[PDB]
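Laboratory data are not the source of any read-out in this text; all were calculated from the coordinates shown. Reconstructed Cβ throughout: ideal geometry from the backbone, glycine too, with neighbour counts over all protein chains shown.
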Amino acid sequence: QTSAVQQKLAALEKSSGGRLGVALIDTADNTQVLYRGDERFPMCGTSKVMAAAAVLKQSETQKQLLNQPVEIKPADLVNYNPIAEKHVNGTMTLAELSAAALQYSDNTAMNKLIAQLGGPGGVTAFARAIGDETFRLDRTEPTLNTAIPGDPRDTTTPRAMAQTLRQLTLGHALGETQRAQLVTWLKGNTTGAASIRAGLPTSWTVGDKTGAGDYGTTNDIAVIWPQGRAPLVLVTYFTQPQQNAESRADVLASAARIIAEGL
């Protein structure tokens, strides 16, 4: 029994040609708005939030951990390494790797975070530890972005990812310093101008992490501080039938525009 919000999202999906998943949490009253909220979608780089958060969690007991330099070898480079390529035969700290993964979508940086956690299963284990029973990371970069229809690897649901992002950024899944650090990283993201941010009032403060993959997969997850209102969490996932489909950041902006009405 759908609301006008869900009806608008359905119409957007229909016009888009793809499959759209949305979850909004309004922390003012703890209400949720879902569209395909319990269907799995390929996370792509939105999974980098869970990896960075897992390393932040480790640093709560190893307080110098974020300062630890990690070697970058030529063999480490994958398909998109805008920051890591500046440190070949050099190092980046775990803080620097987190910033590069989150703010520049650096795939080599993500692989170093995954390795720090003992492999993709270590990222999943962190998810389970904070009560995310849905998230799964199975692969490293770049194969975690294959986004094959029906493939459960490297997927989650919009509802689960919104709940997790809320707990990480507004709740207390992380310690106080670590939560603030994650918020700082998300706020400074460089890759999201055309996605959720493009559909929200410009006065609203936003932290986000985008995702991109095959099948024209175009994702964004955001924590949002609206004007004179309690914060929101918004997940917008989008994937398409053709392996070689072009990105559709505009669909995410449009979903955000719909969701923002009345808020």
Worksheet item: On a 0 to 90 degree scale, rounded to 10, what angle separates helix 176-187 from the longest Cα axis of the chain?
Response: 70
Discussion item. Multiplying the sequence separation of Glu60 and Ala125 by 0.36 nm and subtracting their Cα-Cα distance, what value in nm do you get?
Written reply: 21.7 nm
Discussion item. Between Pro42, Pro201, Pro231, where does the largest GNM mean-square fluctuation fall for the chain, given springs only between Cα atoms within less than 10 Å?
Written reply: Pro201
Practice prompt. Kindly put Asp26, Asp151, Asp138 in sequence by how many other C-beta atoms sit within 10 Å of each C-beta, fewest to most.
Written response: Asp151, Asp138, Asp26
Item to complete: List, in order, the whole-Hz ³J(HN,Hα) value for each residue of the range 72-89 obtained from phi through the Karplus relation with A = 6.51, B = -1.76, C = 1.60 and θ = phi - 60°; use x for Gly and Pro.
Response: 10, 9, x, 5, 6, 5, 10, 8, 7, 9, x, 9, 4, 5, 7, 9, 5, 6
Fill in: Pairwise label distance in nanometres, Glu39 with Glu85, each label 7 Å out on the Cα-Cβ vector
3.6
Discussion item. Under 8 Å for C-alpha pairs, at least 6 residues apart: give me the relative contact order for the chain, rounded to a whole percent.
Written reply: 25
Response to the item:
For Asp106, other-chain or 5+-apart residues with amide H closer than 5 Å (H placed, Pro excluded) are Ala101
Worksheet item: In a shell of Cβ-Cβ distance under 12 Å around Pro69, excluding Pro69 itself, what net charge do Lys and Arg (+1) and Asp and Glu (-1) give?
Response: -1
Worksheet, complete the sentence: With 0.36 nm assigned to each residue of separation and the Cα-Cα distance removed, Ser15 to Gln227 gains 73.3 nm
Discussion item. Neighbour counts of other C-beta atoms within 10 Å: give me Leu77, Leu66 arranged from fewest to most.
Written reply: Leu77, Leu66
Item to complete: Just rank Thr236, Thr27, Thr169, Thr190, fewest to most, by other beta-carbon atoms within 10 angstrom.
Response: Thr190, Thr27, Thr169, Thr236
Response to the item:
Residues of the range 181-212 with backbone N under 17 Å of the label point set 7 Å from the Cα of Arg257 along Cα→Cβ are 193-204
Worksheet item: Taking amide H positions as placed 1.01 Å from N in the peptide plane, with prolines and chain starts having none, which residues 5 or more places from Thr155, or on another chain, fall under 5 Å of its amide H?
Response: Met43, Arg136
Worksheet, complete the sentence: Rounded to whole angstrom, the alpha-carbon centroid of the range 89-122 lies from that of the range 124-166 at a distance of 17
